[PDB]
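Here we start with a single chain on its own, the form deposited in one PDB entry, put down as structure tokens.
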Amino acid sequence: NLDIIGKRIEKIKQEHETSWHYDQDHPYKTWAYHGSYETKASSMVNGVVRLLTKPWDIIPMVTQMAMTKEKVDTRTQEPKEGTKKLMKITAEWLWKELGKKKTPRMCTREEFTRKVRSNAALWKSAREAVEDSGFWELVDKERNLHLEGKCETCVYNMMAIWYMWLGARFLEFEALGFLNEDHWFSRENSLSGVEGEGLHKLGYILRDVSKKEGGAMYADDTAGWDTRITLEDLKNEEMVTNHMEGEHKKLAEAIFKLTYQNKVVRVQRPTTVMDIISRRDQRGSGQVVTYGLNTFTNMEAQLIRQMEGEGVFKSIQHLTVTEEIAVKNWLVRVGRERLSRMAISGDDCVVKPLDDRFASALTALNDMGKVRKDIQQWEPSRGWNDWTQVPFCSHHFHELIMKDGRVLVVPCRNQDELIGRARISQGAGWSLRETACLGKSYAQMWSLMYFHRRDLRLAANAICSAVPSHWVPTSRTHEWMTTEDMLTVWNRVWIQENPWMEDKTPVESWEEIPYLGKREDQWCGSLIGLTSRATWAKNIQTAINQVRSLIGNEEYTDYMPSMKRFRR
């Protein structure tokens, strides 16, 4: 406890020694409180996307999205010894499989610097600190302190997103960045994972899982996954260090011990004082390490749920000596096959188990604290009989046959959600040019991922017609972030580079690229058939001209005649 976090706490105490006060009216039960001190971000609308989607101005599901804890301050119980054993055996085996064709390695100041230049989500800005050299001296001090087994400045800031100072992020990136930078959770490497795979590949992956013999597809969400990470989970995650050596092992061990398995956080409370609180359990790391370790622990949880359904062990209360031999031998004999029956993206999963015994195999899942969302604790899971109805990564997936017989598996979600998000820009000081270029990024994403939705292909063509042809899409895989012809990009992604497409014959026109059935488009939220939508489509050039007149005398390209109706 206080020996590991005290130094961090002792340092913040002094930088505010003229405000420190052990407040007796503090709202924490499960978080340890240490003291307070005196201290003191809305969704803006994207005017270019909103002027080109007028029919949606009167649709509350779109317009309410731009307007405007219980779970964080809860406690998870210690799993039983059978559960703790199931996890340790499974984790040990999983780090070895993930490590068979990969080498753990430190990420570098050079790599870290390149990422800060490219606007990755990780002195005014980071760019400046990286150029400066005192920062790196500060980094060096902490780094040598971590080699000593002590921490001074690796403190979280709550807002649930856990901002640290850039120096702490580098030390995180140094030891643990390899998980993401070297694609440990790629499908090729982890078999369950989809890291780097892209939204145009997730549907094909779900359809490949569907091809396996077995029961329903299960897609159970965990209620507040990050808050249900136990200290036993953090200790199985720490076992990645068993595969490291030299400095790297030491540095990785310090991240896990000092920043993950012990945490110090500063919270804005309005009553305005800053609460220096600590706790051991729960997920609190950087987003990228959070994504990879969530994937890891989810793959582990789901293999164990699969073991329970298949009768590999009888009870979580305690594993017999022989049951350990059985688990290990299961993992050795069928482990890789069982991983291939899953698609796991952080806390999000789809599992096609051997049979439907999986549906009521709930003792390990509940005892690990991975409690299902929106279903009673002991009520069996409801599975999906058709891969095209399975939810994954906020989407479902359609099978769409081209006029030439080739098969597209395309991503889809309710259209209100897509238009509502396109109409929102985060941050201050956006110029008209920067707002336009963000609208162009949404438009090009729609042309590539959602071309099959009538409204989005028409709105995408309108935004690309309204924004100067050579302006570069911005956002403060992502193939839509380019100035290349979207037809050329479409042909690369869907035909040339698509391993599910045998016939590589290029498409020569947007008109060869199909839509969903008209009824299926309305089911997924299309306005096709409404008078508002008909007036919008008929008069689109008037909307395009409005936005061109606001931006001014620039070079523009008409993309509307790419669609049959506007082709005279």
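Sequential numbering from 1, following the sequence displayed. Here the rigid core means the biggest group of C-alpha atoms that line up within 1.5 Å when the two forms are laid on top of each other.
Below, we refer to the form deposited in another entry, which is not included among the displayed structures.
The only C-alpha among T76, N498, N180, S345 that moves by 2 Å or more between this form and the one not shown, given a superposition on the rigid core, is that of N498. Once the rigid core is used as the reference frame, the Cα position of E434 differs between this form and the one not shown by 2 Å or more. When two forms of a protein are overlaid on their rigid core, residues whose CA moves 2 Å or more are considered shifted, and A326 is not one of them between this form and the one not shown.
Core-superposed comparison between this form and the one not shown: the C-alpha position of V547 differs by no less than 2 Å. Panel note: the distance between the CA atoms of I344 and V288 is larger in the other entry than in this form, the difference being 3 Å or more.
If you compare C-alpha positions, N144 and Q287 are 3 angstroms or more closer together in the other entry than in the form on display.
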